[PDB]
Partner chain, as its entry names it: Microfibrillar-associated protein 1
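Given as structure tokens, the chain that follows is alone and in the form solved without the partner chain.
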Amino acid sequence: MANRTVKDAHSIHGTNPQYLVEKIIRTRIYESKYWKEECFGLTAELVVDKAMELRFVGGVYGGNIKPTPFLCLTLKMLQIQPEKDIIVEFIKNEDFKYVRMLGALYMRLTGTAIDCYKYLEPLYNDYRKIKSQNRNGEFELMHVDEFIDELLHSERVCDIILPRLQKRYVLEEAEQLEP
């Protein structure tokens, strides 16, 4: 496999971080023009360059499950496992909505329960419109805060089954979050 997770990488949710994405979707990503041309040899520090070019959020689309750039870059991030501050920088970035959303999804996929609430909840204040490519290929609009709500409460976002997230009440009782 030429697209293995980097050797220094540690497991996430008890597995290879890339495994959070369905195998058949990974295969489609690895054979895509965007992965081959835009993602090759991407390093943690260079992801932001490609993220700033994103134009919508999305997973896969169409009958034969074509991957969106957003999803391709998510998988590349899972493969290279950027340092936490890169992800936080993305989430905090005021310049680029889609960089924020990419960081938010990645944090939801890989962060501790505490970090999910801590870093994603402030984005409920972001009412800005974002474009989304629907599973059927059509473009739709939603708000940033709605995407965050899906990250914190839905089972699947951008065609990725989200890992188990402990309920906020439990963290509060363990002195891990402010109630």
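Numbering follows the first chain given and starts at 1.
From this point on, the text means the form deposited with the partner chain bound, which you will not see here.
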Legend entry - Interface stretch in the entry with it bound with the partner chain - options 59-67, 27-35, 123-131, 41-49, non-hydrogen atom within 4.5 Å: 123-131
Inset, instruction - Verify the contact flag for residue 9: yes if a non-hydrogen atom of it lies within 4.5 Å of a non-hydrogen atom of the partner chain in the entry with it bound, no if not. - result: no
Inset, instruction - Using a 4.5 Å heavy atom cut-off, state whether residue 170 contacts the partner chain in the entry with it bound. - result: yes
Inset, instruction - Report yes if any heavy atom of residue 145 sits within 4.5 Å of a heavy atom of the partner chain in the entry with it bound; otherwise report no. - result: yes
Legend entry - Contact flag, residue 153 vs the partner chain in the entry with it bound, heavy atom cut 4.5 Å: yes
Inset, instruction - Identify, from the list 53, 115, 149, 140, the residue with a heavy atom within 4.5 Å of the partner chain in the entry with it bound. - result: 149
